[PDB]
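Novice: Just dropping this structure here.
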Amino acid sequence: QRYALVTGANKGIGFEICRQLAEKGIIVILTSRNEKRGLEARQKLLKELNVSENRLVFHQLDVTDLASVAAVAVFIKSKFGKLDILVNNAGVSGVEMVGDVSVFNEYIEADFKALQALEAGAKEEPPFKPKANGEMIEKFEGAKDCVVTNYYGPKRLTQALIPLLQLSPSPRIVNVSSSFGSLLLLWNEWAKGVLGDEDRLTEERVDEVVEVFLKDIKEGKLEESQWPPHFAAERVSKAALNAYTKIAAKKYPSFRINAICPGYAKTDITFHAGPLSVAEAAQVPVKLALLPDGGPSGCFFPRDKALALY
Ligand SMILES: NC(=O)c1ccc[n+]([C@@H]2O[C@H](COP(=O)([O-])OP(=O)(O)OC[C@H]3O[C@@H](n4cnc5c(N)ncnc54)[C@H](OP(=O)(O)O)[C@@H]3O)[C@@H](O)[C@H]2O)c1
Ligand SMILES: C=C(C)[C@H]1CCC(C)=CC1=O
């Protein structure tokens, strides 16, 4: 059999990744940080799939808790003896909303427009302030949770699961990242140079980038230290995740390890805005989880490029 573990799978894109992999006949370990939510998600998905009980298994996993990470590896080893697919899907935004929550989507739309302009050769991100009566608050505690969940989480879980993934004939890791991890949006020239210097990339260099960011937001130096004007922790964490994807792909050459953007999809993180359904979003990480042997590794794929790979 093939076995897949999906993090952050009690709702959103992660839940649909579990659906789509299970439909392909892969035995899915649906994981969640909250045990009650995860057990209820498993019950719902099993009902909707209408498949036998052994097709979908639950285990608790909080990607920010080292004991939880270690325990899931012990569980997989005892129950299955290998792992074929790891999908690092869990993530948080680092932002708290005050007032009209649709301001979150105004920033997303502005950032997509900015990225398109930058990719077309423009040299700076336009300033942006929202229309509606809300604001996105970005504080240290949320930024730390964002970095620890979105960057340290995939790194630590990847590292814990290497022995089991090495026992697969086609080991696959898919990191659910974002187009907003583009270095074009990162602002900080030092960090852009470090994360972009692929030949010198190491885990220690990426850790240093994220820790310098966290010290700056702790001290209120984000503008003076040239970090992004908004979605700072999200951008930093996803850029770091993309860099770690490259590091890990080089370190584990028999694996295929890739980062993706699912597209802008209706989930709790977006207040259920965005053009894509959750099922549409999940197609992207599923595509990379099922990548044939010999395919790309170490890369970041936006939605349309991912879906065109094969
Ligand atoms: N939706 C989009 O437009 C979009 C676009 C680009 C990238 N993404 C990425 O897609 C991924 C999935 O997010 P989503 O859109 O599906 O949002 P979501 O509905 O908010 O789901 C996030 C999931 O991550 C889980 N999670 C958060 N912190 C965790 C932790 N410490 N340990 C384990 N699980 C944790 C959440 O669990 P709880 O229920 O316990 O909170 C939930 O299951 C994220 O990495 C996000 O950055 C989304
Ligand atoms: C918090 C964010 C802005 C995430 C999730 C939503 C989208 C569209 C992209 C991201 O980077």
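Scheme for the structure tokens: letters A, B, ... for chains in order shown; per-chain residue numbers from 1; ligand numbers from 1 in order shown.
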Can you tell me which residues surround stretch 286-296 of chain A at a distance of at most 8 Å, considering only C-alpha atoms, apart from same-chain residues fewer than 4 positions away, and format the answer as a PDB file with N, CA, C and O atoms, in the first residue's frame?
Specialist:
```
ATOM      1  N   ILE A  17      -7.411  17.551   0.647  1.00  0.00           N
ATOM      2  CA  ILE A  17      -6.279  16.738   0.227  1.00  0.00           C
ATOM      3  C   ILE A  17      -6.502  15.302   0.674  1.00  0.00           C
ATOM      4  O   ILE A  17      -6.247  14.358  -0.074  1.00  0.00           O
ATOM      5  N   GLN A  20      -9.019  13.571  -1.642  1.00  0.00           N
ATOM      6  CA  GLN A  20      -8.532  13.260  -2.978  1.00  0.00           C
ATOM      7  C   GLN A  20      -7.491  12.162  -2.962  1.00  0.00           C
ATOM      8  O   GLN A  20      -7.463  11.325  -3.863  1.00  0.00           O
ATOM      9  N   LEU A  21      -6.617  12.155  -1.964  1.00  0.00           N
ATOM     10  CA  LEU A  21      -5.666  11.051  -1.885  1.00  0.00           C
ATOM     11  C   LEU A  21      -6.364   9.739  -1.579  1.00  0.00           C
ATOM     12  O   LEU A  21      -6.020   8.692  -2.147  1.00  0.00           O
ATOM     13  N   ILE A  85       4.102   9.580   1.440  1.00  0.00           N
ATOM     14  CA  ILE A  85       3.773  10.960   1.120  1.00  0.00           C
ATOM     15  C   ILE A  85       3.597  11.728   2.421  1.00  0.00           C
ATOM     16  O   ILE A  85       2.856  11.296   3.312  1.00  0.00           O
ATOM     17  N   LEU A  86       4.269  12.875   2.518  1.00  0.00           N
ATOM     18  CA  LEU A  86       4.048  13.859   3.576  1.00  0.00           C
ATOM     19  C   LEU A  86       3.553  15.148   2.931  1.00  0.00           C
ATOM     20  O   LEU A  86       4.219  15.664   2.035  1.00  0.00           O
ATOM     21  N   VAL A  87       2.389  15.627   3.365  1.00  0.00           N
ATOM     22  CA  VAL A  87       1.886  16.924   2.928  1.00  0.00           C
ATOM     23  C   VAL A  87       1.889  17.868   4.117  1.00  0.00           C
ATOM     24  O   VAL A  87       1.098  17.715   5.061  1.00  0.00           O
ATOM     25  N   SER A 170       8.919   5.630  -3.574  1.00  0.00           N
ATOM     26  CA  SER A 170       8.756   6.921  -4.240  1.00  0.00           C
ATOM     27  C   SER A 170       8.440   7.973  -3.192  1.00  0.00           C
ATOM     28  O   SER A 170       7.311   8.473  -3.118  1.00  0.00           O
ATOM     29  N   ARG A 172       7.677  11.245  -1.277  1.00  0.00           N
ATOM     30  CA  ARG A 172       7.198  12.538  -1.732  1.00  0.00           C
ATOM     31  C   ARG A 172       6.928  13.447  -0.539  1.00  0.00           C
ATOM     32  O   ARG A 172       6.289  13.028   0.437  1.00  0.00           O
ATOM     33  N   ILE A 173       7.401  14.691  -0.613  1.00  0.00           N
ATOM     34  CA  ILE A 173       7.016  15.724   0.334  1.00  0.00           C
ATOM     35  C   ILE A 173       6.464  16.890  -0.459  1.00  0.00           C
ATOM     36  O   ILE A 173       7.079  17.338  -1.433  1.00  0.00           O
ATOM     37  N   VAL A 174       5.310  17.385  -0.034  1.00  0.00           N
ATOM     38  CA  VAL A 174       4.677  18.551  -0.640  1.00  0.00           C
ATOM     39  C   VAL A 174       4.485  19.585   0.454  1.00  0.00           C
ATOM     40  O   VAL A 174       3.803  19.319   1.454  1.00  0.00           O
ATOM     41  N   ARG A 256      11.181  13.334  -4.036  1.00  0.00           N
ATOM     42  CA  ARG A 256      10.734  14.527  -4.749  1.00  0.00           C
ATOM     43  C   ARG A 256      10.060  15.409  -3.713  1.00  0.00           C
ATOM     44  O   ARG A 256       9.063  15.002  -3.105  1.00  0.00           O
ATOM     45  N   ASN A 258       8.704  19.328  -3.084  1.00  0.00           N
ATOM     46  CA  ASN A 258       8.335  20.536  -3.813  1.00  0.00           C
ATOM     47  C   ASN A 258       7.383  21.372  -2.987  1.00  0.00           C
ATOM     48  O   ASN A 258       6.678  20.864  -2.108  1.00  0.00           O
ATOM     49  N   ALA A 282      -7.113  21.930  -3.448  1.00  0.00           N
ATOM     50  CA  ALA A 282      -6.406  20.708  -3.078  1.00  0.00           C
ATOM     51  C   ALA A 282      -5.823  19.976  -4.278  1.00  0.00           C
ATOM     52  O   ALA A 282      -4.893  19.181  -4.115  1.00  0.00           O
ATOM     53  N   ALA A 306       1.818  23.965 -11.616  1.00  0.00           N
ATOM     54  CA  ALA A 306       1.697  22.666 -10.970  1.00  0.00           C
ATOM     55  C   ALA A 306       0.773  21.759 -11.754  1.00  0.00           C
ATOM     56  O   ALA A 306       1.089  20.592 -12.017  1.00  0.00           O
ATOM     57  N   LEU A 307      -0.392  22.276 -12.138  1.00  0.00           N
ATOM     58  CA  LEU A 307      -1.378  21.426 -12.781  1.00  0.00           C
ATOM     59  C   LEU A 307      -0.984  21.034 -14.193  1.00  0.00           C
ATOM     60  O   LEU A 307      -1.509  20.040 -14.699  1.00  0.00           O
ATOM     61  N   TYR A 310       2.121  17.333 -15.567  1.00  0.00           N
ATOM     62  CA  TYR A 310       1.906  16.054 -16.212  1.00  0.00           C
ATOM     63  C   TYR A 310       0.387  15.823 -16.329  1.00  0.00           C
ATOM     64  O   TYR A 310      -0.016  14.951 -17.110  1.00  0.00           O
TER      65      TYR A 310
END
```
Novice: Where does DSSP see strand (DSSP E or B) in stretch 62-282 of chain A, if you list the residues as a ChimeraX atom specification?
Specialist: /A:85-88,96-99,134-137,172-176,256-260,265,276
Novice: Would you mind exporting the chosen residues as an mmCIF file, in the first residue's frame, restricted to N, CA, C and O atoms?
Specialist:
```cif
data_model
loop_
_atom_site.group_PDB
_atom_site.id
_atom_site.type_symbol
_atom_site.label_atom_id
_atom_site.label_comp_id
_atom_site.auth_asym_id
_atom_site.auth_seq_id
_atom_site.Cartn_x
_atom_site.Cartn_y
_atom_site.Cartn_z
ATOM 1 N N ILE A 85 4.102 9.580 1.440
ATOM 2 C CA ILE A 85 3.773 10.960 1.120
ATOM 3 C C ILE A 85 3.597 11.728 2.421
ATOM 4 O O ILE A 85 2.856 11.296 3.312
ATOM 5 N N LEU A 86 4.269 12.875 2.518
ATOM 6 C CA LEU A 86 4.048 13.859 3.576
ATOM 7 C C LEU A 86 3.553 15.148 2.931
ATOM 8 O O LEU A 86 4.219 15.664 2.035
ATOM 9 N N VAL A 87 2.389 15.627 3.365
ATOM 10 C CA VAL A 87 1.886 16.924 2.928
ATOM 11 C C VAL A 87 1.889 17.868 4.117
ATOM 12 O O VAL A 87 1.098 17.715 5.061
ATOM 13 N N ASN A 88 2.793 18.849 4.063
ATOM 14 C CA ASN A 88 2.874 19.894 5.080
ATOM 15 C C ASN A 88 1.912 21.002 4.693
ATOM 16 O O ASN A 88 2.245 21.903 3.929
ATOM 17 N N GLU A 96 -4.259 39.406 13.050
ATOM 18 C CA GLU A 96 -5.518 39.498 13.771
ATOM 19 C C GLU A 96 -6.319 40.632 13.150
ATOM 20 O O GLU A 96 -5.786 41.704 12.905
ATOM 21 N N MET A 97 -7.604 40.403 12.914
ATOM 22 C CA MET A 97 -8.443 41.436 12.328
ATOM 23 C C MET A 97 -9.142 42.249 13.411
ATOM 24 O O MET A 97 -9.591 41.718 14.430
ATOM 25 N N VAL A 98 -9.224 43.549 13.189
ATOM 26 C CA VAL A 98 -10.093 44.437 13.948
ATOM 27 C C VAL A 98 -11.093 45.023 12.966
ATOM 28 O O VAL A 98 -10.724 45.403 11.853
ATOM 29 N N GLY A 99 -12.349 45.094 13.367
ATOM 30 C CA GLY A 99 -13.363 45.648 12.479
ATOM 31 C C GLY A 99 -13.699 44.703 11.334
ATOM 32 O O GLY A 99 -13.753 43.476 11.494
ATOM 33 N N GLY A 134 -11.810 48.293 8.661
ATOM 34 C CA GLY A 134 -11.136 47.224 9.365
ATOM 35 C C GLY A 134 -9.646 47.412 9.242
ATOM 36 O O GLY A 134 -9.173 48.189 8.406
ATOM 37 N N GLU A 135 -8.899 46.682 10.065
ATOM 38 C CA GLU A 135 -7.452 46.714 9.936
ATOM 39 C C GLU A 135 -6.877 45.350 10.284
ATOM 40 O O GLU A 135 -7.447 44.594 11.064
ATOM 41 N N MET A 136 -5.727 45.066 9.681
ATOM 42 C CA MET A 136 -4.980 43.839 9.918
ATOM 43 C C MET A 136 -3.890 44.193 10.914
ATOM 44 O O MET A 136 -3.002 44.981 10.590
ATOM 45 N N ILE A 137 -3.932 43.592 12.099
ATOM 46 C CA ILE A 137 -2.969 43.840 13.172
ATOM 47 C C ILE A 137 -1.917 42.744 13.140
ATOM 48 O O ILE A 137 -2.244 41.552 13.117
ATOM 49 N N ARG A 172 7.677 11.245 -1.277
ATOM 50 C CA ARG A 172 7.198 12.538 -1.732
ATOM 51 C C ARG A 172 6.928 13.447 -0.539
ATOM 52 O O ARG A 172 6.289 13.028 0.437
ATOM 53 N N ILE A 173 7.401 14.691 -0.613
ATOM 54 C CA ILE A 173 7.016 15.724 0.334
ATOM 55 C C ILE A 173 6.464 16.890 -0.459
ATOM 56 O O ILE A 173 7.079 17.338 -1.433
ATOM 57 N N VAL A 174 5.310 17.385 -0.034
ATOM 58 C CA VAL A 174 4.677 18.551 -0.640
ATOM 59 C C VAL A 174 4.485 19.585 0.454
ATOM 60 O O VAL A 174 3.803 19.319 1.454
ATOM 61 N N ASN A 175 5.066 20.757 0.258
ATOM 62 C CA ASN A 175 4.937 21.861 1.193
ATOM 63 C C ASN A 175 3.929 22.843 0.606
ATOM 64 O O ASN A 175 4.135 23.386 -0.477
ATOM 65 N N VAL A 176 2.842 23.079 1.339
ATOM 66 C CA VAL A 176 1.811 24.020 0.904
ATOM 67 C C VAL A 176 2.305 25.407 1.293
ATOM 68 O O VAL A 176 2.287 25.794 2.457
ATOM 69 N N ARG A 256 11.181 13.334 -4.036
ATOM 70 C CA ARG A 256 10.734 14.527 -4.749
ATOM 71 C C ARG A 256 10.060 15.409 -3.713
ATOM 72 O O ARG A 256 9.063 15.002 -3.105
ATOM 73 N N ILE A 257 10.626 16.591 -3.502
ATOM 74 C CA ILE A 257 10.221 17.518 -2.447
ATOM 75 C C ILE A 257 9.952 18.860 -3.120
ATOM 76 O O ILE A 257 10.872 19.455 -3.682
ATOM 77 N N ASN A 258 8.704 19.328 -3.084
ATOM 78 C CA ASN A 258 8.335 20.536 -3.813
ATOM 79 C C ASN A 258 7.383 21.372 -2.987
ATOM 80 O O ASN A 258 6.678 20.864 -2.108
ATOM 81 N N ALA A 259 7.391 22.666 -3.263
ATOM 82 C CA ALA A 259 6.480 23.617 -2.650
ATOM 83 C C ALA A 259 5.484 24.087 -3.701
ATOM 84 O O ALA A 259 5.820 24.206 -4.880
ATOM 85 N N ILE A 260 4.253 24.357 -3.277
ATOM 86 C CA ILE A 260 3.200 24.758 -4.194
ATOM 87 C C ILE A 260 2.444 25.955 -3.642
ATOM 88 O O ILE A 260 2.472 26.250 -2.449
ATOM 89 N N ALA A 265 -8.325 30.489 -2.265
ATOM 90 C CA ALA A 265 -9.442 29.569 -2.091
ATOM 91 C C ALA A 265 -10.226 29.897 -0.831
ATOM 92 O O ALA A 265 -9.681 30.397 0.145
ATOM 93 N N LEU A 276 -11.492 30.150 -5.768
ATOM 94 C CA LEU A 276 -11.453 28.703 -5.855
ATOM 95 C C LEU A 276 -12.205 28.056 -4.708
ATOM 96 O O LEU A 276 -12.213 28.561 -3.589
#
```
Novice: Quick one: pull the distance between atom CA of residue A:188 and atom CA of residue A:226, Å, one decimal.
Specialist: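 So the answer is 4.9 Å.
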Novice: What is the distance between atom CA of residue A:238 and atom CA of residue A:223, in Å to one decimal?
Specialist: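 We find that atom CA of residue A:238 and atom CA of residue A:223 lie 19.3 Å from each other.
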Novice: Could you work out how far atom CA of residue A:46 lies from atom CA of residue A:270, giving the answer in Å with one decimal?
Specialist: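 Computing it gives 26.0 Å between the two atoms.
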Novice: I want to know what sits within 8 Å of residue A:89, based on only C-alpha atoms, with residues of the same chain fewer than 5 positions away left out; could you give that as a list in words?
Specialist: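 So the residues in contact are residues 6, 7, 8, 9, 13, 14, 175 and 176 of chain A.
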Novice: Which chains and residue numbers are within 10 Å of ligand 2, counting only C-alpha atoms and all ligand atoms, if I want them as JSON, numbers by chain?
Specialist: {"A": [91, 92, 93, 94, 95, 104, 105, 107, 108, 109, 111, 112, 146, 176, 177, 178, 179, 180, 181, 182, 230, 231, 232, 233, 234, 235, 237, 238, 261, 262, 263, 264, 265, 266, 267, 268, 269, 270, 271, 273, 274, 275]}
Novice: Using only C-alpha atoms, which residues sit within 12 Å of residue A:196 once same-chain residues fewer than 2 positions away are excluded, as a ChimeraX atom specification?
Specialist: /A:181-184,186,188-194,198-202,205-206,209,239-240,242-244,246-247
Novice: Give me, as a list in words, all polymer residues having an atom no more than 10 Å from residue A:35, counting only C-alpha atoms and skipping those fewer than 6 positions away in the same chain.
Specialist: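 Result of the neighbour search: residues 10, 41, 58, 59, 60, 61 and 62 of chain A.
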Novice: Which residues are near residue A:155? Cut-off 9 Å, only C-alpha atoms, ignore same chain within fewer than 6 positions. Put them as a VMD selection string.
Specialist: chain A and resid 241 244 to 245 248
Novice: Calculated over only C-alpha atoms and all ligand atoms, which of the candidates A:133, A:158, A:64, A:166 has the smallest distance to ligand 1?
Specialist: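 That would be A:64, the residue with the smallest distance to ligand 1.
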Novice: Kindly indicate which residue among A:106, A:65, A:208, A:23 lies nearest to ligand 1, using only C-alpha atoms and all ligand atoms for the distances.
Specialist: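 Smallest separation from ligand 1 among the options: A:65.
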Novice: Taking only C-alpha atoms into account, name the residue in A:160, A:308, A:236, A:110 that is nearest to residue A:283.
Specialist: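 Closest to residue A:283, using only C-alpha atoms: A:308.
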Novice: Within 8 Å of residue A:19, counting only C-alpha atoms, which residues qualify if same-chain residues fewer than 3 places away don't, as a compact mmCIF listing (two decimals) with N, CA, C and O atoms, in the first residue's frame?
Specialist:
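For reference, out_5.txt as written:
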```
# COMPACT_ATOMS: atom_id res chain seq x y z
N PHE A 15 -8.26 19.00 4.60
CA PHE A 15 -9.34 18.01 4.59
C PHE A 15 -9.58 17.50 3.17
O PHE A 15 -9.78 16.30 2.96
N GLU A 16 -9.60 18.41 2.20
CA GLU A 16 -9.83 17.99 0.82
C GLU A 16 -8.64 17.23 0.23
O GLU A 16 -8.84 16.37 -0.63
N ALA A 22 -7.34 9.75 -0.66
CA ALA A 22 -8.03 8.52 -0.33
C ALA A 22 -8.77 7.98 -1.54
O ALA A 22 -8.82 6.76 -1.75
N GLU A 23 -9.33 8.87 -2.36
CA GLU A 23 -10.02 8.44 -3.57
C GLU A 23 -9.09 7.75 -4.54
O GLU A 23 -9.54 6.97 -5.38
N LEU A 45 -15.38 12.62 6.96
CA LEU A 45 -14.77 12.24 5.69
C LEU A 45 -15.02 10.78 5.36
O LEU A 45 -15.27 10.43 4.20
N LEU A 49 -16.71 9.74 1.92
CA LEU A 49 -16.02 8.82 1.02
C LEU A 49 -16.79 7.53 0.83
O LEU A 49 -16.70 6.91 -0.24
```
